[PDB]
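Okay, structure first, notes after.
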Amino acid sequence: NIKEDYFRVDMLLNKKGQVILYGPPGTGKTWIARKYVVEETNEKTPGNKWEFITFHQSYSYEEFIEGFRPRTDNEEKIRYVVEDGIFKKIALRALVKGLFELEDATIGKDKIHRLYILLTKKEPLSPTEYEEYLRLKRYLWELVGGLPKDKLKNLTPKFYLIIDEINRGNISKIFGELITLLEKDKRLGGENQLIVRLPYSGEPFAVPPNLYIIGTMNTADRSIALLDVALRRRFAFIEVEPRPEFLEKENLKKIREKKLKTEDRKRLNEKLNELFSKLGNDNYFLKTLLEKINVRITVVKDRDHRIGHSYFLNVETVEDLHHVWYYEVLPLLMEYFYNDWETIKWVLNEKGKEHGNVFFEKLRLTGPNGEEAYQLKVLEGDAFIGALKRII
Amino acid sequence: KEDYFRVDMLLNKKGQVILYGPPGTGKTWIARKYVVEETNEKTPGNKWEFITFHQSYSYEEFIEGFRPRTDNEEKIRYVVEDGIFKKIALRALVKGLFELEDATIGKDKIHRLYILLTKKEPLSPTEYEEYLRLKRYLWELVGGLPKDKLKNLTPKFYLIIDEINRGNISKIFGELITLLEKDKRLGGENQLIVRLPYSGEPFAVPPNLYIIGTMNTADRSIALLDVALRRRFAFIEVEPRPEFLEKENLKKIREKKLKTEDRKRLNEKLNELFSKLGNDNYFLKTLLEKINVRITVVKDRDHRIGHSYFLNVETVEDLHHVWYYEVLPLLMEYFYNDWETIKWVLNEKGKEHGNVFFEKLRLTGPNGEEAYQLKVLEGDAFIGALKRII
Amino acid sequence: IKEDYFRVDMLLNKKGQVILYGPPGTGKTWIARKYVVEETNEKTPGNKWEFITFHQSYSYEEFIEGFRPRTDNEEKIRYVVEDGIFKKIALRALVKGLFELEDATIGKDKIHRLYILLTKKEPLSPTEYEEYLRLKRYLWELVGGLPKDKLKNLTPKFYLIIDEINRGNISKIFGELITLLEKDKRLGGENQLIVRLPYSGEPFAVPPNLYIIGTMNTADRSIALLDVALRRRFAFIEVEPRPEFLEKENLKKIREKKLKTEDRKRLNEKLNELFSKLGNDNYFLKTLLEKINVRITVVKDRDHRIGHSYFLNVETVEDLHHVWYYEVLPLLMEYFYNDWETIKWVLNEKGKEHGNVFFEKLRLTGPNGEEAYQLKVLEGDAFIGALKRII
Amino acid sequence: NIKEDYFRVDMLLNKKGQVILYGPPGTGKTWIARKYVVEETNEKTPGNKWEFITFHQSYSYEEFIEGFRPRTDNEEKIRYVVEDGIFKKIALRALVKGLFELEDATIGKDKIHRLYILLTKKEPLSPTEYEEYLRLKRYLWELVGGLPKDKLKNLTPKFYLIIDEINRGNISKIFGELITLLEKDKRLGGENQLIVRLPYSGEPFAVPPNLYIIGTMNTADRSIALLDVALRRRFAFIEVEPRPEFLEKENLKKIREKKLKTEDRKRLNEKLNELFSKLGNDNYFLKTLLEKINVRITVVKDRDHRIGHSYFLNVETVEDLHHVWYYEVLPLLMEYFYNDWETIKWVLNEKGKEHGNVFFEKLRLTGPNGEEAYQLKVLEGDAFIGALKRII
Ligand SMILES: Nc1nc2c(ncn2[C@@H]2O[C@H](COP(=O)(O)OP(=O)(O)OP(O)(O)=S)[C@@H](O)[C@H]2O)c(=O)[nH]1
Ligand SMILES: Nc1nc2c(ncn2[C@@H]2O[C@H](COP(=O)(O)OP(=O)(O)OP(O)(O)=S)[C@@H](O)[C@H]2O)c(=O)[nH]1
Ligand SMILES: Nc1nc2c(ncn2[C@@H]2O[C@H](COP(=O)(O)OP(=O)(O)OP(O)(O)=S)[C@@H](O)[C@H]2O)c(=O)[nH]1
Ligand SMILES: Nc1nc2c(ncn2[C@@H]2O[C@H](COP(=O)(O)OP(=O)(O)OP(O)(O)=S)[C@@H](O)[C@H]2O)c(=O)[nH]1
Ligand SMILES: [Mg+2]
Ligand SMILES: [Mg+2]
Ligand SMILES: [Mg+2]
Ligand SMILES: [Mg+2]
């Protein structure tokens with residue numbers, strides 16, 4: 001079921017240019033973003049073919065594209081150079097690797113490979129050869145400004161920039177005058193080829209058409225669809241919904257044995273069968289538990305306030321299902337409905353019951369105005385599975 | 001092992017725990033006694049560090065930020081100073097790699113990095129520059145280590161963050177909101193090494209760090225509402241247990257942290273307390289439980305009185321000072337100018353005169369309003385106004 | 001007399017930090033200033049105690065620690081982190097407590113060198129500031145190697161008496177102090193906390209000497225200490241507006257406390273002339289403040305009550321006239337701005353429209369059948385007959 | 001002048017320490033604050049004895065007593081120094097001027113004179129003498145700690161700070177430390193001498209008893225009114241009601257010839273005789289006009305929105321009364337009752353009238369849903385006085 005989402009991402013990548021994997025948390029929309037880039041680019045490490053970037057409110061324009069930094073120059077001669085960020089370094093690296101395998105750009109191809117080594121250099125650049133990095137970049141954009149739009153419609157090395165939590169950072173502060181470049185119509189190779197200068201260093205800049213921005217985005221904090229007006233038109237949105245198909249016994253055995261496929265995977269099978277023998281006789285218990293609680297969430301609050309399938313994905317026994325339920329999702333369900341006991345009971349569909357193996361026992365006290373509030377109860381053993389069985 | 005059976009079993013499962021609960025409950029105490037009993041350090045420093053969050057606590061002073069540093073006569077060289085978290089994350093990683101020997105060549109070089117991380121003094125520019133080079137050697141070494149030798153490191157470090165809901169929790173964990181997960185630790189199933197903004201260095205959380213948050217969840221509008229924060233942190237509800245306020249439990253608590261000679265004087269003071277309470281050894285338990293039920297049913301379940309208010313009582317006068325100067329201004333702050341509820345929380349809904357904390361003023365308002373006043377009681381008449389709650 | 005003095009002294013040993021909350025006009029700052037002066041024998045702030053007061057611009061960077069430019073050389077402005085008002089006290093209260101110890105804290109040359117650089121009023125030169133920053137790193141290497149029995153009992157009691165604690169954004173000003181203000185989370189307690197500061201990175205912990213007696217007003221409900229985690233730390237003393245002081249004898253005992261029998265004979269005949277015009281009753285201003293504070297309790301709240309700082313400084317009936325029409329009746333009108341049938345009831349003149357009423361009725365009416373009253377400045381003995389009807 | 005509004009300010013400011021002259025606009029509040037201080041200090045301009053500042057919403061706490069203000073030095077342009085505001089430059093000025101006639105400062109009477117020069121110095125403080133200013137400031141608060149309270153009760157100057165429109169600023173934030181100093185027995189020399197510790201400079205500070213603060217708030221607006229109950233105790237509110245008795249025939253000749261003591265007293269008197277002779281020889285016309293509007297505004301609007309007696313004070317002729325009516329107070333009356341036409345017709349006592357000699361003519365065109373609105377009429381001549389005689 002993972003190749004069906006790779007075909008959906010790859011369809012909306014070559015059509016739009018960049019993608020937002022928006023979904024409720026507990027979905028693998030960072031892992032889908034991380035594994036699709038690793039599968040397509042064939043680079044397991046985040047370096048020289050792709051880069052991982054996390055946004056936040058403290059993230060600024062000076063460290064994302066370029067800003068000013070002091071260096072380790074001479075002692076009484078501390079200098080402020082324009083050290084490039086990550087997005088300028090990844091778009092230059094996609095442009096340098098794109099022109100390295102081009103046929104009509106053979107005027108200085110022995111120098112473009114020199115510029116490629118400087119961009120995959122995994123350290124701060126030395127000041128005796130930073131001007132060699134400056135002169136090779138000035139040689140490059142002179143060459144791309146004197147090339148037609150015929151040979152720049154596509155570049156075969158497809159670079160990526162996995163931006164995680166893209167709605168956390170203020171996207172207008174870090175994309176100053178450069179949010180228009182992300183569209184396919186305004187990239188370096190569209191008909192509206194726009195080589196904008198940068199406000200520092202006087203250097204021109206334009207993103208190549210192979211650099212793809214795969215963003216991951218939570219949409220359960222407050223965002224639904226209208227929070228991101230500066231990126232809602234440039235970015236193609238994909239609903240990565242919580243699939244509870246990954247909680248079947250056949251699927252849970254296959255997922256955990258994908259990485260740990262050594263001899264201890266047999267020890268998982270005698271452990272996983274011990275879990276699905278204590279949940280009755282069925283293999284569809286964790287799937288029906290997630291489905292019959294996600295339906296009861298999307299009927300009350302919202303669709304994207306849904307419980308993901310990453311909480312229950314790491315259970316091996318009834319004790320680990322006890323730890324997931326009482327410490328990660330029911331303290332998450334109580335903060336969805338803060339002090340509203342008529343519907344947090346109904347999400348677990350025990351609305352008739354007031355006690356007797358219920359997660360929320362009713363206090364015997366009433367209210368002056370008529371308020372009645374319940375109380376959390378810790379269960380353990382076969383009583384807890386008897387309280388989980390009544391949800392499905 | 002009565003409450004570390006939850007805490008120690010959730011750290012190996014998720015990586016970090018937030019002990020959320022109403023105030024007056026042992027959230028900082030459980031989070032401090034668990035870290036001290038495991039790392040064997042009575043004070044912070046080498047194996048753990050205590051911090052807390054506030055509104056003026058920002059991203060630059062937590063993990064990585066810019067900072068001017070003029071030493072004696074030099075110009076203002078703008079150094080990048082690692083915050084609190086990177087001086088724990090690098091310190092857990094370097095002490096982690098110091099015990100094994102698989103491909104970590106340069107054990108004197110790793111030891112040179114560990115000395116330059118526990119410096120009490122600020123780093124000289126002749127020593128900071130070699131510290132920057134050895135930190136780049138560290139991530140080039142970790143990037144060439146297998147996941148089988150990085151999945152286990154014996155010196156379990158601890159970063160305990162009290163009041164974790166105070167600071168801007170998305171602004172603080174900036175490049176850390178998708179790294180704190182157990183799958184994305186430095187040695188998990190998806191080893192993710194992200195690049196930090198200011199210094200440009202790669203940085204990933206080693207699997208030693210257990211971030212023991214203790215969120216206060218009394219007041220709303222500052223609690224963790226964002227569900228991406230509610231997933232990396234496995235919460236623990238620490239309910240205010242009134243079972244620590246019986247006779248045999250309160251005597252066992254305060255004797256545990258006391259000497260031998262004063263334990264007999266402490267036992268005599270607790271016999272004198274419950275002899276003045278009517279030979280009722282279950283009194284302060286049912287006092288806190290039958291006032292936490294009334295706060296749960298009216299206000300909410302997270303504004304309950306904790307068991308740290310009444311835990312430090314030793315006589316009837318010490319209960320009198322707790323009841324009039326620590327929980328009655330607290331009860332008048334919950335239900336401000338709402339008198340028909342605060343009489344019912346103390347179940348004095350029908351009692352308006354006599355042995356009651358709130359007498360009624362004799363005249364009503366011009367349009368049918370009526371207010372009360374906090375009557376100060378003393379002695380056995382106070383207990384007679386307290387034993388009618390239970 | 002000594003009851004509020006002893007009640008502060010009891011709660012400052014049990015919880016550690018007391019708060020005197022109450023309606024404005026009672027003895028909150030006064031009983032806090034008289035407590036610290038009578039306990040430390042130091043009438044002006046200095047080493048043993050420091051008075052501060054909070055506001056909205058009293059941020060974290062100048063209370064505990066923050067960056068502050070300071071060079072003391074008219075050149076080479078050194079951007080260094082300087083300790084705020086609190087950390088200059090809590091480090092002072094610690095290194096003053098590390099004098100009387102016998103052999104636990106072996107720093108008798110290095111602690112006294114740190115104390116003389118903490119009480120130094122002249123700002124620190126950089127050749128001695130490097131000594132102050134090095135000795136403070138010795139202090140938190142010293143504290144941590146001491147037993148809790150030789151650290152709980154530090155002798156000299158230091159006080160940071162603060163004022164209007166609710167007025168500042170108290171959860172922001174108290175930074176690392178939000179988890180250290182319990183009696184058992186200090187130094188020497190059962191669970192000591194050497195917590196770490198953000199900016200300087202040097203660790204910090206409050207000594208058991210430092211008590212924070214902080215007075216606040218609770219009539220502004222816009223800014224009241226409703227954080228339920230900063231009401232567990234503090235002990236809240238109720239300071240109600242007590243009208244017992246506004247007798248004839250209790251006003252004569254208070255106002256003739258510091259006069260040395262020179263103007264006391266003038267004050268005695270002046271209070272004899274005041275109460276001879278009120279009706280020869282010694283209990284006038286007691287039940288005047290009582291019948292207003294009760295009538296303002298049942299209407300507005302318990303917390304907007306008139307204090308006893310207004311009527312305490314009256315000498316003749318003219319001075320009561322100038323404290324009625326100019327301090328409390330403008331106060332009573334701004335509780336009830338254009339709410340006229342309520343403010344008429346606080347003076348219980350609700351049936352009285354014209355004559356000797358403070359709010360005479362306008363002879364006009366409204367087009368939609370409305371009406372509004374007009375304040376009437378009364379003088380002479382007719383003012384007292386308009387005031388005695390309140391009782 | 002000296003009868004009521006002067007002798008009740010001077011008695012109450014000497015007893016409480018601070019006076020707020022609250023009242024509706026158009027009343028002598030700024031004027032009685034300006035006249036009292038100039039007639040007391042004998043200095044018709046600000047500077048040495050008194051300072052006239054005014055509050056606003058852009059006013060800072062950092063610019064009032066103490067704050068970090070970046071100054072412009074020669075070789076280091078961005079130099080952040082702590083600069084005392086206007087209140088700390090009048091409280092320290094009132095202290096070191098009053099400490100010229102004391103007998104315990106016998107070691108540093110030259111140092112107090114040198115500190116008084118640095119506070120009266122209108123030139124900006126150079127950093128070579130700013131440390132001389134800070135060394136003398138911390139010498140001062142060492143000297144008043146050794147001064148007895150019997151000698152700090154009588155400081156022979158009388159310094160004033162007329163703050164105007166006090167209620168406009170954030171008075172709880174501007175008076176940061178001053179919300180616990182501003183009391184008669186909490187200044188220096190009082191029964192409770194309080195020397196609080198300032199945040200920024202770290203130097204202690206205490207308001208001297210030499211100082212007085214005469215605020216003049218405005219109470220027509222309500223969102224800026226002073227409802228701080230802990231701050232209303234510090235001040236002593238004086239209601240200056242808008243008195244129509246300053247608009248009689250004998251009173252206009254006594255108010256306008258007191259100030260203008262030139263030879264135009266024969267010119268003003270024959271013009272004021274001609275103005276009231278056109279009004280029907282009614283010596284109490286403008287007294288009755290302002291009284292029968294302020295009462296009719298009090299009953300429907302608030303009591304603090306009344307027309308002051310500063311509009312009709314500067315009238316000279318019927319042409320000047322026509323200018324002050326249709327352009328100052330009639331657009332003011334259309335602001336109080338904005339499209340509430342049945343009220344504003346009633347305030348001018350034209351409720352039944354809808355045509356003829358009237359200010360607001362009725363439109364002969366009703367609306368769709370039964371609504372109807374009126375229209376102004378610019379009157380002139382004796383018909384205007386016939387529209388004013390209906391009010392009284
Ligand atoms: N094999 C496999 N693992 C999955 C799948 N979906 C989720 N997971 C696992 O669950 C974990 C959570 O997925 P992840 O992508 O990290 O959530 P997230 O997008 O970061 O969540 P958030 O940041 O928006 S709050 C991952 O570590 C991954 O291993 C899946 O479809 N197949
Ligand atoms: N022995 C023992 N003491 C406890 C227990 N719970 C609380 N206490 C005591 O109560 C005191 C206060 O508890 P504490 O942990 O500090 O509350 P808190 O969580 O920090 O409260 P807040 O910061 O959210 S407001 C501690 O000093 C501790 O000694 C307990 O379970 N056992
Ligand atoms: N002798 C004596 N004087 C008192 C008493 N209560 C109040 N006063 C006097 O009243 C005056 C004002 O009291 P004060 O403490 O300043 O009010 P406050 O609570 O501080 O006012 P606030 O704005 O901060 S809320 C003081 O000068 C004090 O002398 C008392 O009980 N005894
Ligand atoms: N001679 C004299 N002039 C007066 C008197 N009352 C008001 N005035 C005049 O009114 C004019 C302005 O009044 P003023 O005091 O400035 O209003 P204001 O307090 O500033 O009004 P506001 O906008 O702040 S709310 C002055 O020119 C003054 O001459 C008075 O009683 N006697
Ligand atoms: Mg993610
Ligand atoms: Mg805590
Ligand atoms: Mg005060
Ligand atoms: Mg004015």
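Every chain in the structure tokens has a letter given in the order shown (A, B, ...), and although residue numbers restart at 1 in each chain, ligands are simply numbered from 1 in the order shown.
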
Interface, chain A side, toward chain B (7 Å; only C-alpha atoms) as a list in words =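 In the required form, that comes to residues 25, 52, 53, 54, 55, 56, 57, 58, 63, 220, 221, 327, 328, 331, 332, 339, 367, 371, 372 and 373 of chain A.
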
Store the residues of this selection in a file with N, CA and C atoms, as a compact mmCIF listing (two decimals), in the first residue's frame.
# COMPACT_ATOMS: atom_id res chain seq x y z
N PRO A 25 -1.55 13.83 12.76
CA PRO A 25 -0.32 13.20 13.24
C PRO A 25 -0.52 11.75 13.62
N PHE A 52 17.51 17.63 4.64
CA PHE A 52 16.40 17.68 5.57
C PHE A 52 16.43 19.01 6.32
N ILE A 53 15.30 19.71 6.34
CA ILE A 53 15.19 21.03 6.94
C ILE A 53 13.89 21.09 7.75
N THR A 54 13.99 21.50 9.01
CA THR A 54 12.82 21.65 9.87
C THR A 54 12.56 23.13 10.11
N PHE A 55 11.31 23.55 9.93
CA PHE A 55 10.95 24.95 10.10
C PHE A 55 10.49 25.23 11.53
N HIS A 56 10.66 26.48 11.95
CA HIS A 56 10.17 26.96 13.24
C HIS A 56 10.07 28.48 13.17
N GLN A 57 9.53 29.07 14.24
CA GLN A 57 9.33 30.51 14.26
C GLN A 57 10.64 31.27 14.41
N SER A 58 11.69 30.62 14.92
CA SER A 58 13.00 31.25 15.03
C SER A 58 13.84 31.09 13.77
N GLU A 63 19.65 32.33 7.38
CA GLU A 63 20.19 30.98 7.42
C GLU A 63 19.53 30.02 6.45
N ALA A 220 -3.51 19.34 12.58
CA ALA A 220 -4.38 19.13 13.73
C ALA A 220 -4.18 20.15 14.84
N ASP A 221 -3.14 20.98 14.77
CA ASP A 221 -2.91 22.02 15.77
C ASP A 221 -4.03 23.05 15.71
N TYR A 327 -1.45 6.28 28.10
CA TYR A 327 -0.41 7.28 28.25
C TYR A 327 -0.17 8.13 27.01
N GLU A 328 -0.75 7.77 25.86
CA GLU A 328 -0.44 8.51 24.65
C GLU A 328 -1.66 8.97 23.87
N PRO A 331 -4.71 10.28 27.20
CA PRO A 331 -4.33 11.66 27.55
C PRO A 331 -4.28 12.60 26.36
N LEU A 332 -4.37 12.10 25.13
CA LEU A 332 -4.56 12.95 23.96
C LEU A 332 -6.04 13.16 23.66
N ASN A 339 -12.79 18.80 29.56
CA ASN A 339 -13.96 18.88 30.45
C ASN A 339 -15.26 18.93 29.65
N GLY A 367 -24.19 17.92 40.64
CA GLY A 367 -23.79 19.31 40.65
C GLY A 367 -24.89 20.21 41.17
N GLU A 371 -24.20 19.79 36.81
CA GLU A 371 -22.98 19.26 36.22
C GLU A 371 -22.66 17.89 36.79
N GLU A 372 -22.21 16.99 35.91
CA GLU A 372 -21.81 15.64 36.29
C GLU A 372 -20.51 15.32 35.56
N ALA A 373 -19.44 15.11 36.32
CA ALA A 373 -18.13 14.84 35.74
C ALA A 373 -17.62 13.49 36.19

Filtered DSSP result for range 85-221 of chain C, state alpha helix (DSSP H), as a PyMOL selection string = chain C and resi 87-97+110-116+126-142+149-152+170-173

Counting only C-alpha atoms, which residues from chain C have an atom at most 7 Å from any atom of chain B, and could you show them as a PyMOL selection string?
-> chain C and resi 60+78-79+144+172+175-176+194-196+198-199+226-229+231-232+235-237+297-299+301

Identify every residue of chain C that has at least one atom within 8 Å of any atom of chain D, counting only C-alpha atoms, and report the result as a PDB file with C-alpha atoms, in the first residue's frame.
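Contents of iface30.pdb, as written:
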ATOM      1  CA  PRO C  24      -6.330  48.614  48.384  1.00  0.00           C
ATOM      2  CA  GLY C  25      -6.266  50.928  51.369  1.00  0.00           C
ATOM      3  CA  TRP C  30       3.109  48.984  55.801  1.00  0.00           C
ATOM      4  CA  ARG C  33       7.857  47.271  55.698  1.00  0.00           C
ATOM      5  CA  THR C  44      17.003  51.646  54.701  1.00  0.00           C
ATOM      6  CA  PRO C  45      17.467  49.061  51.923  1.00  0.00           C
ATOM      7  CA  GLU C  50      15.999  45.221  49.203  1.00  0.00           C
ATOM      8  CA  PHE C  51      12.644  46.742  48.274  1.00  0.00           C
ATOM      9  CA  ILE C  52      11.522  46.387  44.665  1.00  0.00           C
ATOM     10  CA  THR C  53       8.145  46.647  42.981  1.00  0.00           C
ATOM     11  CA  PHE C  54       6.836  44.969  39.857  1.00  0.00           C
ATOM     12  CA  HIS C  55       5.377  46.398  36.663  1.00  0.00           C
ATOM     13  CA  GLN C  56       4.788  45.300  33.086  1.00  0.00           C
ATOM     14  CA  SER C  57       8.260  46.447  31.953  1.00  0.00           C
ATOM     15  CA  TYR C  58      10.017  44.567  34.777  1.00  0.00           C
ATOM     16  CA  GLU C  62      16.787  42.614  34.710  1.00  0.00           C
ATOM     17  CA  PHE C  63      15.335  40.566  37.591  1.00  0.00           C
ATOM     18  CA  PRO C  69      26.493  46.397  28.236  1.00  0.00           C
ATOM     19  CA  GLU C  74      34.830  54.656  28.304  1.00  0.00           C
ATOM     20  CA  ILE C  77      31.969  48.068  25.527  1.00  0.00           C
ATOM     21  CA  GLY C  84      19.518  41.025  38.018  1.00  0.00           C
ATOM     22  CA  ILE C  85      18.054  42.217  41.288  1.00  0.00           C
ATOM     23  CA  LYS C 121      28.074  49.658  45.324  1.00  0.00           C
ATOM     24  CA  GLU C 122      30.606  50.897  42.769  1.00  0.00           C
ATOM     25  CA  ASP C 163       5.422  45.026  45.915  1.00  0.00           C
ATOM     26  CA  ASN C 217      -3.865  44.480  45.430  1.00  0.00           C
ATOM     27  CA  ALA C 219      -9.274  45.029  43.241  1.00  0.00           C
ATOM     28  CA  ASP C 220      -7.863  44.964  39.720  1.00  0.00           C
ATOM     29  CA  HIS C 304     -13.270  46.298  45.859  1.00  0.00           C
ATOM     30  CA  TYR C 310      -8.379  57.124  53.476  1.00  0.00           C
ATOM     31  CA  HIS C 322     -11.888  66.742  51.815  1.00  0.00           C
ATOM     32  CA  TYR C 326     -12.132  64.013  46.758  1.00  0.00           C
ATOM     33  CA  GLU C 327     -10.861  60.485  47.449  1.00  0.00           C
ATOM     34  CA  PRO C 330     -14.849  59.878  43.098  1.00  0.00           C
ATOM     35  CA  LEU C 331     -13.771  56.303  43.826  1.00  0.00           C
ATOM     36  CA  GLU C 334     -15.980  55.047  39.060  1.00  0.00           C
ATOM     37  CA  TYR C 335     -17.117  51.693  40.404  1.00  0.00           C
ATOM     38  CA  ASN C 338     -23.605  55.973  35.092  1.00  0.00           C
ATOM     39  CA  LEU C 362     -32.312  66.705  38.247  1.00  0.00           C
ATOM     40  CA  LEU C 364     -35.523  67.426  33.997  1.00  0.00           C
ATOM     41  CA  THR C 365     -36.491  64.015  32.642  1.00  0.00           C
ATOM     42  CA  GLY C 366     -35.782  62.096  29.458  1.00  0.00           C
ATOM     43  CA  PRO C 367     -37.583  61.818  26.131  1.00  0.00           C
ATOM     44  CA  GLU C 370     -34.924  58.316  31.717  1.00  0.00           C
ATOM     45  CA  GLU C 371     -33.317  60.316  34.507  1.00  0.00           C
ATOM     46  CA  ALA C 372     -29.906  61.047  35.981  1.00  0.00           C
ATOM     47  CA  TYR C 373     -28.697  62.563  39.235  1.00  0.00           C
ATOM     48  CA  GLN C 374     -26.211  65.349  39.951  1.00  0.00           C
TER      49      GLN C 374
END

Could the residues that lie within 7 Å of ligand 7, counting only C-alpha atoms and all ligand atoms, be listed as a PyMOL selection string?
-> (chain C and resi 28-29+163-164+215-216) or (chain D and resi 180)

For the residues in that selection, give me N, CA and C atoms as a PDB file, in the first residue's frame.
ATOM      1  N   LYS C  28      -0.871  46.730  53.835  1.00  0.00           N
ATOM      2  CA  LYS C  28      -0.155  45.639  53.183  1.00  0.00           C
ATOM      3  C   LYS C  28       1.330  45.938  53.033  1.00  0.00           C
ATOM      4  N   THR C  29       1.679  47.046  52.372  1.00  0.00           N
ATOM      5  CA  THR C  29       3.079  47.457  52.308  1.00  0.00           C
ATOM      6  C   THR C  29       3.581  47.908  53.674  1.00  0.00           C
ATOM      7  N   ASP C 163       6.693  44.328  45.793  1.00  0.00           N
ATOM      8  CA  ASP C 163       5.422  45.026  45.915  1.00  0.00           C
ATOM      9  C   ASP C 163       4.722  44.957  44.571  1.00  0.00           C
ATOM     10  N   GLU C 164       3.386  44.880  44.612  1.00  0.00           N
ATOM     11  CA  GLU C 164       2.526  44.712  43.435  1.00  0.00           C
ATOM     12  C   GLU C 164       2.970  43.515  42.594  1.00  0.00           C
ATOM     13  N   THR C 215       3.540  42.101  48.494  1.00  0.00           N
ATOM     14  CA  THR C 215       2.210  42.659  48.679  1.00  0.00           C
ATOM     15  C   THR C 215       1.564  42.892  47.326  1.00  0.00           C
ATOM     16  N   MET C 216       0.260  42.667  47.246  1.00  0.00           N
ATOM     17  CA  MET C 216      -0.478  42.910  46.019  1.00  0.00           C
ATOM     18  C   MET C 216      -1.858  43.454  46.345  1.00  0.00           C
TER      19      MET C 216
ATOM     20  N   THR D 180       3.881  52.711  44.214  1.00  0.00           N
ATOM     21  CA  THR D 180       4.066  52.513  45.642  1.00  0.00           C
ATOM     22  C   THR D 180       4.866  53.620  46.315  1.00  0.00           C
TER      23      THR D 180
END
